[PDB]
Number of protein chains: 2
Amino acid sequence: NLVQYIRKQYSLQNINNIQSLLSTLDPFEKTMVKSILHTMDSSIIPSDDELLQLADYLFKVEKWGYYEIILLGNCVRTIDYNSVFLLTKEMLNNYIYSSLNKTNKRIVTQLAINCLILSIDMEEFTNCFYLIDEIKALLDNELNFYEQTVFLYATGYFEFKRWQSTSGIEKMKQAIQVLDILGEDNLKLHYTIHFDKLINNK
Amino acid sequence: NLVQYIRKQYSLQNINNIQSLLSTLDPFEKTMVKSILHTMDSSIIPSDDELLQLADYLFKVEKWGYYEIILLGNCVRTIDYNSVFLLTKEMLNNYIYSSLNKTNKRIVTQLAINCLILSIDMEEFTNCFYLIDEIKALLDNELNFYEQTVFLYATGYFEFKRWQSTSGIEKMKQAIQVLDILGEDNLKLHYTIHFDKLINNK
């Protein structure tokens, strides 16, 4: 109920089914939804005013809980990048977590990695350096192998787009191999095509 | 405080430091501690009476929370196997979890896998078949890559000890490769030596 019907229908790729929830929610959950459909139907756009309002809310949030983290993470590619990076930078320093429930640590790590991928896309390499050290501390002495695999690919992506280095190639191919070994075919194929485009477009 | 000083001192291998807590606790946390030191000092043995009392408590536990799961998991190799398997079988069917906090799902999965490794050790192959299907359901449509890697090695271990099959060899070597790729050197080396003994002793 929380966000289950979100990703449940995202599994089936039924656009018109949670598009049905434009008319329950709040305005922030309404924009979080709209930016998700921007990935499905590339013309369902949350325009700036509803994005600037959620971004302003997150800017004055003092403590980041599950509510704020899921809201930001779902709109990392619709809120303007300059705000997303600052909000990510603030979420990293103010997310609520103790040692029983580390669920907030996971999705914060997944968010920081997704923002790192976006930072590589925008060629914000100074911001990539910051996020790389923040993610390594989130992963260190933890057993978050999924985030470690995505972070390894993102590290190779950063090293490739910046230098076309052989080392960045190997990191990306090693992360794909982890997904291959663990039977994660859908993730492996999406990361393979992303890798194919990188080398086959230069 | 909960179990931090347990694994914190376990990182430093300081035996005499949480051995200091035999004289805070309850009798169940006292036996959970004692069986942990049985891995360090192989003569610090929790004798049967304190093990049968915790095992009896877990047998009548109606709902398995973080308390019961951590108690069983730390004594899977000191409580008699016949009880450990039945308790694992009951924990799988009665562990408390909802969709925000899936921490109980993780350590239940890690427990079931550790009991699977012990079941392979005891040549309880009928019990291995049961645990394999239970772990696959716990992992399915989840992103628990660490448990997936350990479960893959355990699957290859089961297939090797039962048939010395080439397929079991590959699964174990692939799980070691995941640990190698993700920089998990300590886990990779422990799993490598375990793998070395399997093939170099037949």
# chains A, B, ... in the order shown; residues from 1 in each chain; ligands from 1
>>> residues_around(residues="segment 63-79 of chain B", least_positions_apart="5", cutoff="8 Å", atoms="only C-alpha atoms", output="PDB file with N, CA and C atoms, in the first residue's frame")
ATOM      1  N   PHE B  28      19.615 -16.810  28.196  1.00  0.00           N
ATOM      2  CA  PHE B  28      19.612 -17.132  26.771  1.00  0.00           C
ATOM      3  C   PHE B  28      20.717 -16.383  26.036  1.00  0.00           C
ATOM      4  N   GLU B  29      20.864 -15.085  26.311  1.00  0.00           N
ATOM      5  CA  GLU B  29      21.982 -14.334  25.755  1.00  0.00           C
ATOM      6  C   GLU B  29      23.319 -14.832  26.288  1.00  0.00           C
ATOM      7  N   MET B  32      23.922 -17.891  23.967  1.00  0.00           N
ATOM      8  CA  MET B  32      24.242 -17.360  22.646  1.00  0.00           C
ATOM      9  C   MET B  32      25.688 -16.888  22.590  1.00  0.00           C
ATOM     10  N   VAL B  33      26.152 -16.242  23.660  1.00  0.00           N
ATOM     11  CA  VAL B  33      27.543 -15.806  23.731  1.00  0.00           C
ATOM     12  C   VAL B  33      28.477 -17.010  23.781  1.00  0.00           C
ATOM     13  N   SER B  35      28.252 -20.093  22.793  1.00  0.00           N
ATOM     14  CA  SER B  35      28.390 -20.838  21.547  1.00  0.00           C
ATOM     15  C   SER B  35      29.178 -20.056  20.502  1.00  0.00           C
ATOM     16  N   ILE B  36      29.187 -18.726  20.600  1.00  0.00           N
ATOM     17  CA  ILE B  36      30.024 -17.927  19.712  1.00  0.00           C
ATOM     18  C   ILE B  36      31.497 -18.156  20.026  1.00  0.00           C
ATOM     19  N   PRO B  46      29.104 -24.553  25.519  1.00  0.00           N
ATOM     20  CA  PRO B  46      27.832 -24.509  26.257  1.00  0.00           C
ATOM     21  C   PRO B  46      27.271 -25.918  26.345  1.00  0.00           C
ATOM     22  N   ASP B  48      24.728 -29.172  27.476  1.00  0.00           N
ATOM     23  CA  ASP B  48      23.416 -29.467  26.906  1.00  0.00           C
ATOM     24  C   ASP B  48      22.291 -28.737  27.632  1.00  0.00           C
ATOM     25  N   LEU B  51      21.621 -25.438  26.541  1.00  0.00           N
ATOM     26  CA  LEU B  51      21.226 -25.465  25.138  1.00  0.00           C
ATOM     27  C   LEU B  51      19.817 -26.017  24.968  1.00  0.00           C
ATOM     28  N   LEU B  52      19.464 -27.045  25.743  1.00  0.00           N
ATOM     29  CA  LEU B  52      18.112 -27.590  25.678  1.00  0.00           C
ATOM     30  C   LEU B  52      17.080 -26.602  26.205  1.00  0.00           C
ATOM     31  N   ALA B  55      16.627 -24.072  23.374  1.00  0.00           N
ATOM     32  CA  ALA B  55      15.927 -24.784  22.309  1.00  0.00           C
ATOM     33  C   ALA B  55      14.462 -25.003  22.663  1.00  0.00           C
ATOM     34  N   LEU B  58      12.607 -21.710  22.198  1.00  0.00           N
ATOM     35  CA  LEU B  58      12.342 -21.420  20.792  1.00  0.00           C
ATOM     36  C   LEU B  58      11.267 -22.334  20.218  1.00  0.00           C
ATOM     37  N   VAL B  84      17.804 -27.783  15.575  1.00  0.00           N
ATOM     38  CA  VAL B  84      18.106 -26.612  14.753  1.00  0.00           C
ATOM     39  C   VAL B  84      17.286 -26.631  13.468  1.00  0.00           C
ATOM     40  N   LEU B  87      13.638 -25.968  14.340  1.00  0.00           N
ATOM     41  CA  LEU B  87      13.484 -24.564  14.710  1.00  0.00           C
ATOM     42  C   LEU B  87      13.625 -23.655  13.495  1.00  0.00           C
ATOM     43  N   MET B  91      10.899 -21.169  12.228  1.00  0.00           N
ATOM     44  CA  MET B  91      11.191 -19.747  12.086  1.00  0.00           C
ATOM     45  C   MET B  91      10.813 -19.249  10.697  1.00  0.00           C
ATOM     46  N   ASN B  94       7.065 -18.461  10.701  1.00  0.00           N
ATOM     47  CA  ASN B  94       6.471 -17.631  11.744  1.00  0.00           C
ATOM     48  C   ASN B  94       7.309 -16.404  12.091  1.00  0.00           C
ATOM     49  N   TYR B  95       8.219 -15.978  11.221  1.00  0.00           N
ATOM     50  CA  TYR B  95       9.016 -14.794  11.509  1.00  0.00           C
ATOM     51  C   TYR B  95       8.221 -13.532  11.199  1.00  0.00           C
ATOM     52  N   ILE B  96       8.341 -12.543  12.078  1.00  0.00           N
ATOM     53  CA  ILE B  96       7.568 -11.310  11.964  1.00  0.00           C
ATOM     54  C   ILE B  96       8.238 -10.397  10.947  1.00  0.00           C
ATOM     55  N   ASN B 104      14.253  -8.585   9.237  1.00  0.00           N
ATOM     56  CA  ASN B 104      13.991  -9.947   9.689  1.00  0.00           C
ATOM     57  C   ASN B 104      14.032 -10.937   8.533  1.00  0.00           C
ATOM     58  N   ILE B 107      18.093 -11.760   7.818  1.00  0.00           N
ATOM     59  CA  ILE B 107      18.773 -12.651   8.754  1.00  0.00           C
ATOM     60  C   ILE B 107      18.101 -14.015   8.845  1.00  0.00           C
ATOM     61  N   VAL B 108      16.805 -14.094   8.544  1.00  0.00           N
ATOM     62  CA  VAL B 108      16.161 -15.392   8.380  1.00  0.00           C
ATOM     63  C   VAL B 108      16.735 -16.107   7.165  1.00  0.00           C
ATOM     64  N   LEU B 111      20.146 -17.198   8.046  1.00  0.00           N
ATOM     65  CA  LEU B 111      20.063 -18.344   8.945  1.00  0.00           C
ATOM     66  C   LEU B 111      19.744 -19.619   8.175  1.00  0.00           C
ATOM     67  N   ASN B 114      22.795 -20.776   6.371  1.00  0.00           N
ATOM     68  CA  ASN B 114      23.788 -21.360   7.269  1.00  0.00           C
ATOM     69  C   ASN B 114      23.367 -22.752   7.723  1.00  0.00           C
ATOM     70  N   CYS B 115      22.068 -22.945   7.967  1.00  0.00           N
ATOM     71  CA  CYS B 115      21.554 -24.271   8.292  1.00  0.00           C
ATOM     72  C   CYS B 115      21.639 -25.210   7.098  1.00  0.00           C
ATOM     73  N   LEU B 118      25.157 -26.405   7.112  1.00  0.00           N
ATOM     74  CA  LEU B 118      25.274 -27.430   8.144  1.00  0.00           C
ATOM     75  C   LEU B 118      24.574 -28.716   7.723  1.00  0.00           C
TER      76      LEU B 118
END
>>> select_by_dssp(residues="segment 114-144 of chain A", states="helix (DSSP H, G or I)", output="PyMOL selection string")
chain A and resi 114-121+125-139
>>> write_last_selection(atoms="C-alpha atoms", output="tab-separated table (two decimals), in the first residue's frame")
chain	number	residue	atom	x	y	z
A	114	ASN	CA	21.68	6.92	-8.90
A	115	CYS	CA	22.65	10.58	-8.45
A	116	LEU	CA	26.24	9.58	-9.22
A	117	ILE	CA	25.10	8.01	-12.50
A	118	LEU	CA	23.20	11.22	-13.26
A	119	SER	CA	26.26	13.28	-12.28
A	120	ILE	CA	28.35	11.29	-14.76
A	121	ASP	CA	25.65	11.93	-17.37
A	125	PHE	CA	32.97	15.28	-12.29
A	126	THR	CA	33.68	17.40	-9.21
A	127	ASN	CA	30.33	16.20	-7.84
A	128	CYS	CA	31.18	12.63	-8.87
A	129	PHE	CA	34.32	12.73	-6.70
A	130	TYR	CA	32.22	13.79	-3.71
A	131	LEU	CA	29.56	11.11	-4.23
A	132	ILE	CA	32.13	8.34	-4.75
A	133	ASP	CA	33.68	8.89	-1.32
A	134	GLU	CA	30.24	9.19	0.30
A	135	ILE	CA	29.04	5.90	-1.21
A	136	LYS	CA	32.22	4.05	-0.22
A	137	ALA	CA	31.61	5.06	3.40
A	138	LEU	CA	27.98	3.93	3.19
A	139	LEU	CA	29.07	0.54	1.82
>>> residues_around(residues="residue 9 of chain A", least_positions_apart="3", cutoff="12 Å", atoms="only C-alpha atoms", output="MDAnalysis selection string")
chainID A and resid 1 3:6 12:20 33 36:37 40
>>> write_last_selection(atoms="N, CA, C and O atoms", output="CSV table (one decimal), in the first residue's frame")
chain,number,residue,atom,x,y,z
A,1,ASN,N,0.8,-1.2,0.0
A,1,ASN,CA,0.0,0.0,0.0
A,1,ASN,C,0.9,1.3,0.0
A,1,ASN,O,0.5,2.2,-0.7
A,3,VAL,N,4.0,1.9,-1.2
A,3,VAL,CA,4.6,2.2,-2.5
A,3,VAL,C,4.6,0.9,-3.2
A,3,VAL,O,5.3,0.7,-4.2
A,4,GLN,N,3.9,-0.1,-2.7
A,4,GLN,CA,3.8,-1.4,-3.4
A,4,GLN,C,3.1,-1.3,-4.7
A,4,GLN,O,3.7,-1.8,-5.7
A,5,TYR,N,1.9,-0.8,-4.8
A,5,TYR,CA,1.2,-0.6,-6.0
A,5,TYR,C,2.0,0.2,-7.0
A,5,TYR,O,1.8,0.1,-8.2
A,6,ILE,N,2.9,1.0,-6.5
A,6,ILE,CA,3.8,1.8,-7.4
A,6,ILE,C,4.7,0.8,-8.2
A,6,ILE,O,4.6,0.7,-9.4
A,12,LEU,N,4.6,-4.8,-14.1
A,12,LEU,CA,3.8,-5.1,-15.3
A,12,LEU,C,3.8,-4.0,-16.4
A,12,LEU,O,3.2,-4.3,-17.4
A,13,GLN,N,4.5,-2.9,-16.1
A,13,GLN,CA,4.5,-1.8,-17.1
A,13,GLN,C,3.2,-1.3,-17.5
A,13,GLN,O,3.0,-0.8,-18.6
A,14,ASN,N,2.2,-1.4,-16.6
A,14,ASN,CA,0.9,-0.8,-16.8
A,14,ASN,C,0.9,0.6,-16.5
A,14,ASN,O,0.7,1.1,-15.4
A,15,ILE,N,1.0,1.5,-17.6
A,15,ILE,CA,1.1,2.9,-17.4
A,15,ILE,C,-0.3,3.5,-16.9
A,15,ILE,O,-0.3,4.2,-15.9
A,16,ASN,N,-1.4,3.1,-17.6
A,16,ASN,CA,-2.7,3.7,-17.3
A,16,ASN,C,-3.2,3.3,-16.0
A,16,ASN,O,-4.3,3.7,-15.6
A,17,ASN,N,-2.5,2.4,-15.3
A,17,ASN,CA,-3.1,1.9,-14.0
A,17,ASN,C,-2.8,2.7,-12.8
A,17,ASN,O,-3.7,2.8,-11.9
A,18,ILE,N,-1.6,3.2,-12.7
A,18,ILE,CA,-1.3,4.2,-11.6
A,18,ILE,C,-1.2,5.6,-12.2
A,18,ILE,O,-1.3,6.6,-11.4
A,19,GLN,N,-1.2,5.8,-13.5
A,19,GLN,CA,-1.7,7.0,-14.1
A,19,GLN,C,-3.1,7.3,-13.6
A,19,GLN,O,-3.5,8.5,-13.6
A,20,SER,N,-3.9,6.3,-13.3
A,20,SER,CA,-5.2,6.5,-12.8
A,20,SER,C,-5.3,7.2,-11.5
A,20,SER,O,-6.4,7.7,-11.1
A,33,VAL,N,4.7,10.4,-8.3
A,33,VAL,CA,4.1,9.5,-9.3
A,33,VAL,C,4.3,10.0,-10.7
A,33,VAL,O,4.8,9.3,-11.6
A,36,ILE,N,7.7,9.4,-12.2
A,36,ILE,CA,7.9,8.0,-12.5
A,36,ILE,C,7.3,7.7,-13.9
A,36,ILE,O,7.9,7.0,-14.7
A,37,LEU,N,6.1,8.2,-14.2
A,37,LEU,CA,5.5,7.9,-15.5
A,37,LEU,C,6.3,8.6,-16.6
A,37,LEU,O,6.2,8.3,-17.8
A,40,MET,N,8.0,6.1,-18.2
A,40,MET,CA,7.2,5.2,-19.1
A,40,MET,C,6.8,6.0,-20.3
A,40,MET,O,7.3,5.7,-21.4
>>> closest_atom_pairs(of="chain B", to="chain A", cutoff="6 Å", atoms="only C-alpha atoms", output="tab-separated table")
residue	atom	partner	partner_atom	distance
B:145	CA	A:145	CA	5.2
B:146	CA	A:145	CA	5.4
B:178	CA	A:178	CA	5.6
>>> atom_distance(atom1="atom CA of residue 61 of chain B", atom2="atom CA of residue 85 of chain B")
15.1 Å
>>> atom_distance(atom1="atom CA of residue 30 of chain B", atom2="atom CA of residue 97 of chain A")
28.1 Å
